[PDB]
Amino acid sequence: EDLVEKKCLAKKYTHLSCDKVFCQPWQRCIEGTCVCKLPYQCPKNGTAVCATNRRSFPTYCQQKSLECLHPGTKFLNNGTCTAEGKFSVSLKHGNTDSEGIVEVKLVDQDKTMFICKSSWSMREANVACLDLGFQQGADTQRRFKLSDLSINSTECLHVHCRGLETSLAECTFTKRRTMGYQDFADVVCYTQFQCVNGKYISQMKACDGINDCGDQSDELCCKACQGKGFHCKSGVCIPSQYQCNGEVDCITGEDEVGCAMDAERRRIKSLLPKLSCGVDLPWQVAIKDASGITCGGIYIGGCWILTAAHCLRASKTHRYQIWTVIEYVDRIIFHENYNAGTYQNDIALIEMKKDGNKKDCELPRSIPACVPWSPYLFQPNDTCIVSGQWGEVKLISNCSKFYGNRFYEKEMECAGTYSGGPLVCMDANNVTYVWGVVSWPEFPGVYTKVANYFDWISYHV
């Protein structure tokens, strides 16, 4: 069984990696990695929450964003802080400090109860160990087996966590009617497939939909899921029940297409301002010079047009006009590491003069295409619309077979048929993405892969 890919594992993508996953609403994507946004950037609408330092926060986002920025400050309770209320988890009846039967003291309830093992998974186990100090979550191979004793009472606490929470306080608890025997949730916290955090687990746990690692190493590099997990085209697995649950989990977005405090974070997403991108060829532009040689531009937003370098620098005059309506081009920025012969980094930004002398560059009625932030959005055998009429090309795999060392897989994309023009692709929700630009049967078109230039794009845009 060869579910896991090896070539990713060098780059070690955790849940903090944009390219493979969505940043939590108290975070912002910057250079492929989830960073903290300041509390005053969170959506205003939310109910108050309590942090372990007895401090109260208007929104749940704002708390989690302070915890993000300022370690130590954990979560405690929904609603304002009580004076007496204080949360506690503990491992009792155990031969060592990093193991036992889990005991929870629910901030409000003065009574102390145990957890039931019939619903106890790695999602809860990891979260438990994480607030217990052990930063690598629960052990997956090891156990703590009991032999009766303290199995008198009928008490129990069913728990459920997403799995990435930094405290059991954040999870949802519900008292259940316990059967037997035996039903008490044990755990072994990890004290020394490898995870990015440093945790070894067996290969059978890798790529099954379940976060065994704690930071999602075992799930982000998957050609196909093991058990019930659902394979995102992006190469990631998600729990089957993550299908049609009102949250776009896969960066590709396919789990929510074709459908007819965990609940609080989902709520916080649906209020974030979504990008207005890629609504015959509205994005299509044509960069004509006064000489008479044309390039196939693609409108991405506002003042900006994206094209290939070589065609622009074919002009002697260095003065253009953008046709689609006629705008003028103020300045042009080529990528600094453009290599003429190899065509690596064959990409350039055009900045329009705007004109009007009163407002902004944007055209009254023009739709910008979407710029891919991840190189895992579109994959082989995906269909894409080439233009320069328009031809439906397909993305081809293993392009070393055709060109070898003239094709640099990180910086270039090959589209097999079935200047500087666009290679536009659409996802399941009808979002038009500018996937590639035209760069240079057994000769498939080669395209500079734009997703690998989102940081670069961003720097100027």
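Don't overthink the numbering: it's just position in the shown sequence, from 1.
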{"property": "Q192-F193 interval: deposited residues absent from the model", "result": "4 to 9"}
{"property": "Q389 preceded by how many uncoordinated deposited residues after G388", "result": "10 or more"}
{"property": "Which of 264-272 and 201-209 has higher mean CA B factor, as the PDB entry lists it", "result": "201-209"}
{"property": "Stretch with the higher entry mean CA B-factor, where the candidates are 172-180 and 302-310", "result": "172-180"}
{"property": "Residue, from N345, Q379, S121, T317, that the PDB entry assigns the highest Cα B-factor", "result": "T317"}
{"property": "Deposited CA B-factor, highest of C156, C384, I238, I287", "result": "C156"}
{"property": "Modelled-residue ranking by C-alpha temperature factor, third containing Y408", "result": "middle"}
{"property": "Third of chain Cα B-factors occupied by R28", "result": "lowest"}
{"property": "Within-chain third of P372 by Cα B-factor, per the entry", "result": "lowest"}
{"property": "Third of the chain, ranked by Cα B-factor, where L91 sits", "result": "middle"}
{"property": "Where the record places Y418 (Cα B-factor, split into thirds across the chain)", "result": "highest"}
